[PDB]
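Notes follow once the structure below has been shown.
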Amino acid sequence: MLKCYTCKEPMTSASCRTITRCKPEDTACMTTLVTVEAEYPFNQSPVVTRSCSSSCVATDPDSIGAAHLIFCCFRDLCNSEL
């Protein structure tokens, strides 16, 4: 089955990297990447959330409508890093 590095805790979690089994309805994986402070320099606990998906898709680089870095793949553990 499709396995993605989905963490149990929300963005609050530090290293969101845990081997989890996706659902049968799904097919691809998803990943949310959005720093806490992009407008100004501030190194702090970032906001991310990796979850399975039934359709790997991405938005525009505009990110005008809450369209952060939405990565996706069709391979188990396609990405180990955050």
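Please read every residue number as a count from 1 along the shown chain.
This deposition comes from solution NMR.
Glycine residues also receive a Cβ, built from the backbone N, Cα and C atoms like all the rest.
The disulfide partner of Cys7, as annotated in Swiss-Prot and taken from the candidates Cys16, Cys22, is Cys16. Here Swiss-Prot annotates a disulfide bond for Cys22; of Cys52, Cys56, the partner residue is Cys52.
Take the candidates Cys72, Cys73; Swiss-Prot pairs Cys78 in a disulfide bond with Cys73. Record source Swiss-Prot places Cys56 in a disulfide bond whose other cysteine, from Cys29, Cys72, is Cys72. A C-beta separation below 8 Å, combined with a sequence spacing of at least six in one chain, links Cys78 (disulfide bond) to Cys4, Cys29.
Counting every protein chain shown, 21 other Cβ atoms lie within 10 Å of the Cβ of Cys16 (disulfide bond).
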